[PDB]
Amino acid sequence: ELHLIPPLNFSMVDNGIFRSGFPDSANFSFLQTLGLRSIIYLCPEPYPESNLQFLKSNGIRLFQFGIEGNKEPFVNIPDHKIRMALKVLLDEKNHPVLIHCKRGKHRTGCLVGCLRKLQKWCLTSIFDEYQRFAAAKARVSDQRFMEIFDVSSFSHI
């Protein structure tokens, strides 16, 4: 009866935009209900065969911008990779789009926080949303990345 299983830390960010951790086959019938056009994938690892077959069967485009895992206090969020992902995210032709890496907290959290900065949200509101997903794994380096992210080159879009 209660048969749909959203992926780990699943949320709707905006019209046509979702965030989560890594979907597995248990999550595919739920993802099918969203009519996705795109996945923005932020892990460096190759997409598993299971997931590739799901994308092929559903006509979903895979955009990969691989960000290596880092531990505090040595967090290094690659600005270029976040900005390449943001360029894809802001094109409505890619929507509906699911953003994911592993847990839906860090790489995912940074990309969504930078979108919120472009949407003119105050930093405390951006940080509150970031912290809601990251919970006990909230990182000051992820919020610092958002604090200094220069929105100049995206301001026109």
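Start at 1 and count along the sequence shown; that's the residue number.
Asker: 25-33 versus 101-109: which one carries the higher mean Cα B factor per the record?
Answerer: Comparing 101-109 with 25-33, the higher mean C-alpha B-factor belongs to 25-33.
Asker: Averaging the C-alpha B factors as listed in the entry, name the stretch that ends up higher: 61-69 or 124-132.
Answerer: According to the PDB entry, the answer is 61-69.
Asker: For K117, does the deposited CA B-factor place it in the lowest, middle or highest third of the chain?
Answerer: As the PDB entry reports it, the C-alpha B-factor of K117 lands in the middle third of its chain.
Asker: How does the C-alpha B factor of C43 compare with the rest of the chain: lowest, middle or highest third?
Answerer: For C43, the deposited C-alpha B-factor lands in the highest third.
Asker: Compared with the other modelled residues in the chain, in which third is the CA B-factor of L4?
Answerer: According to the entry, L4 has a C-alpha B-factor in the chain's middle third.
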